[PDB]
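To find a chain, count down the sequence lines: A is the first, B the second, and so on, and within it residues start at 1. Just so it is clear, the values below take in all heavy atoms, side chains as well, and ignore hydrogens, waters and symmetry mates.
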8 protein chains.
Amino acid sequence: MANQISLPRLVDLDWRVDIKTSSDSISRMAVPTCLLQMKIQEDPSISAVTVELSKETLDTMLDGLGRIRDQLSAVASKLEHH
Amino acid sequence: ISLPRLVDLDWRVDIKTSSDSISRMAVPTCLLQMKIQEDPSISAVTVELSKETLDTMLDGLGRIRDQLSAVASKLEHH
Amino acid sequence: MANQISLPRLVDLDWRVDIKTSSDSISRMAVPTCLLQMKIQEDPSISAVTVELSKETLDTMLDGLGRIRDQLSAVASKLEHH
Amino acid sequence: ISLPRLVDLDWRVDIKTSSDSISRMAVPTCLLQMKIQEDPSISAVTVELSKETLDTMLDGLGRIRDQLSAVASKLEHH
Amino acid sequence: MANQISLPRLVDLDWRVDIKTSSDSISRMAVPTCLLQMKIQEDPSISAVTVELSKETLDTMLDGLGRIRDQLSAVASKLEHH
Amino acid sequence: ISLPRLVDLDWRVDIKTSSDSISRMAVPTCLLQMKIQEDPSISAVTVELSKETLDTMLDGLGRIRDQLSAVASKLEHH
Amino acid sequence: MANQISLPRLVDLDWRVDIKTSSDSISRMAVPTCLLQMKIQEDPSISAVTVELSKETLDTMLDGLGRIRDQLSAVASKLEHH
Amino acid sequence: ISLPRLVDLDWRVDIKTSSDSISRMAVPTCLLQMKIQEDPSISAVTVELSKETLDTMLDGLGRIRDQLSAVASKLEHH
């Protein structure tokens, strides 16, 4: 059919930046970290997924989502050319 | 302590029928699968994203990136 | 007793047909796939089960459900003959 | 990516007492167990089906089959 | 403290008797079976546990619950004797 | 097919403080743990039972026992 | 960001003291035990975690929570000294 | 029988931004992870605690400790 049913929807994205004790240092060295909360909905019935993100993990997420954006745009371009 | 961590990101681009379109034009959609590890026992969160939701995601995560880098810098000079 | 309690009930069946990139081809070859959503209810408390179906899996489902139909009809026939 | 896939289908035909029947005639019922794999970690969805629900299921899945085959054909000639 | 909090409560017990095809016979031999549904509540938030019971499993359940009854009565007897 | 089956039954008798008693008399209570197998992957349902709830349980399960035996007998002579 | 999102909140703590038969004695020797119920909330959506606690486990919990208190106070002290 | 037992306790002290503060002063917070075993198959309950919630926790658990010790003593002399 058309798009009437669909996989869960990401409907909220929030975050917090904490300072914590690092694990890469023998001494008392503080390092930042992200707490990320995504709220996901099914078409009501909202769930929350909370993860802890480092800088490198965030950069990798950003690269991946950029590649997804590029693939979506290329498919849209091929679709507009019937 | 071991908070849940995003350890993999996979995706697929599908083409589906549009529901709102008068011209019935097909539309691209992203199936996004995030793999979260908690510790083994990895879970998978699957969502469907449109282009606009992905763009907004990117904007928010870039803001997180900038804030994290600013805090890192202020910690280095502290 | 009689049929007052009962196992969960299938109360909705919906689907979508997507075009995706195939895995059986080295080149860029598109293949269709089904997203099937079944809504299941307990006698209220509705849950959703979404699966991805290929053509062959769908044909096998159809064979199985046909065999179930045949067995139900044979049992009904034996029941009408006391 | 690995969306959940139906990997097994099993069933049993029971005879139960009818609740609506004036004549108290016994009635056949199907216990249907679908095994869904996501990847190991297979889950099982169990439902009870009457003959009419099964018939409607069959009709819907046949419609899916026809639509899938039509899309396949239009992709081959595309 | 006293008994203010408590483990989940069994708040409903229902069942059905089905006839099914047996597994102990090569031929078509029908055998009865029980579908048992227990409804369990937390002190609201009701859940349902459905199991399939054979005659022997039911007899064993009955023996176990009888032994529990005997132990509860013996403890009550010791409590009434301060 | 493999419906969930009760495969173990364990219990403990505790003594707790009574909440309704004027005389504050202690009271026995049963912690009941049913182990259910579905197939490995056994789950555990824990409840708390009073003497009266246990008695009612026993009555209901005895009724199930009698009904099952009657159906068995009518199948043997069928 | 600031503290707008947050991990689940502990919002209730209740308990009961039971007498049970001990496992360290061959004879009939009674021993106390704690049933502890913690109610945890997400910012609505309250869940209950019930555990059985022995005296030694409780003492260890108390030591751990005291160490947490000390670390929180030391961090607060370092924060007040800019 | 095997009721769920708390088998590990881990924690982290973070510094976060305060939301109610006029002076925007940073504030310490505790991320607390309790590991519960039921029997293998250990689960993890994570909460965030402020200093006041921790103090109240400590008071309640100390009351439990005193009650448990009093019952132990009255059992020894029983």
Side-chain angles (χ1 to χ4, degrees), chain E residues 1-20 22 29-36 38-43 47-80 82, chain F residues 1-21 24-38 43 45-76 78:
Chain E
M1 289 184 177
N3 172 79
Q4 189 61 43
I5 67 160
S6 51
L7 299 191
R9 241 63 168 170
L10 175 61
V11 303
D12 197 11
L13 180 92
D14 211 340
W15 68 86
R16 179 219 282 178
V17 178
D18 277 5
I19 295 180
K20 70 175 180 185
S22 177
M29 189 176 303
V31 70
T33 185
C34 173
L35 300 183
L36 179 69
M38 295 167 294
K39 290 181 181 178
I40 293 140
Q41 175 184 111
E42 285 82 351
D43 287 359
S47 67
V49 175
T50 292
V51 303
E52 179 163 0
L53 292 185
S54 61
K55 167 202 174 58
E56 38 271 30
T57 298
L58 185 57
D59 283 335
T60 320
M61 292 300 306
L62 286 171
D63 282 321
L65 295 188
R67 292 157 48 95
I68 298 173
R69 175 177 175 176
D70 296 344
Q71 302 317 121
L72 289 168
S73 71
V75 166
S77 174
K78 287 201 77 72
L79 279 178
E80 251 57 32
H82 308 78
Chain F
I1 62 188
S2 181
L3 279 200
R5 304 199 86 104
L6 190 29
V7 302
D8 210 2
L9 177 76
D10 291 331
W11 70 95
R12 192 174 82 195
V13 177
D14 282 8
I15 289 168
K16 68 187 181 185
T17 295
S18 188
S19 312
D20 321 325
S21 174
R24 296 170 166 182
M25 294 292 311
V27 65
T29 185
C30 170
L31 306 189
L32 191 58
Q33 199 166 76
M34 291 162 280
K35 293 180 170 177
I36 316 285
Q37 176 181 310
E38 193 201 35
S43 44
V45 177
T46 309
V47 290
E48 179 161 6
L49 300 184
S50 63
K51 121 167 185 176
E52 20 279 322
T53 301
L54 176 60
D55 288 338
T56 303
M57 251 199 103
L58 279 164
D59 193 359
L61 291 180
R63 275 189 281 271
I64 301 176
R65 166 68 153 83
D66 294 346
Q67 297 174 4
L68 218 50
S69 179
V71 174
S73 294
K74 287 155 190 172
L75 282 184
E76 231 298 282
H78 194 274

Heavy atoms only: give me the nearest E:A2-F:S19 pair and the separation to one decimal.
-> CB-OG, 4.1 Å
Side chain / backbone / both / neither for F:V7 at chain E, heavy atoms under 4.5 Å | neither
Atom CG in E:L72, atom CG in F:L54: separation rounded to 0.5 Å?
-> 6.0 Å
Mind checking which of residues 8-15 of chain F sit less than 4.5 Å from chain E, heavy atom to heavy atom?
-> F:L9, F:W11, F:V13, F:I15
Going by heavy atoms in the side chains, are E:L53 and F:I64 under 4.5 Å from each other?
-> no
For the atom pair CE (E:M29) and CD (F:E76), what is the distance rounded to the nearest 0.5 Å?
-> 8.0 Å
With sequence neighbours excluded, residues passing side-chain hydrogen bond (donor to acceptor under 3.5 Å, both in side chains) with F:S2 | F:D39
Can you say whether F:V47 sits under 4.5 Å from chain E via the side chain, the backbone, both, or neither, judging by heavy atoms?
-> both
For F:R63, all residues meeting salt bridge (charged side-chain N to carboxylate O under 4.0 Å, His left out), sequence neighbours excluded = F:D59
Do any pairs count as a side-chain hydrogen bond (donor to acceptor under 3.5 Å, both in side chains) and have a residue in residues 49-58 of chain F, sequence neighbours left out, and if so which ones?
-> F:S50-F:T53
Toward chain F, the part of E:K20 with a non-hydrogen atom under 4.5 Å | side chain
So, the part of E:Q4 with a heavy atom under 4.5 Å from chain F: the answer is backbone
OG1 (E:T50) and CG (F:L3) are apart, to the nearest 0.5 Å, by 9.0 Å
Using a cut-off of 6.0 Å, state whether more than 12 heavy atoms not belonging to E:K39 lie near its atom NZ.
-> no
Cut-off 4.5 Å, heavy atoms of chain E, and the answer for F:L6 is both
Quick one: pull up CE in F:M57 and CE in E:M38 and give me the separation to the nearest 0.5 Å.
-> 6.5 Å
Selection from E:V49, E:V75, E:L65 maximising heavy-atom pairs under 4.5 Å formed with chain F = E:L65
Taken to the nearest 0.5 Å, the spacing of F:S21 OG from E:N3 CG works out to 12.0 Å
Scanning both residues in full, the closest heavy-atom pair of E:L62 with F:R65 reads CD1-CB, 4.1 Å
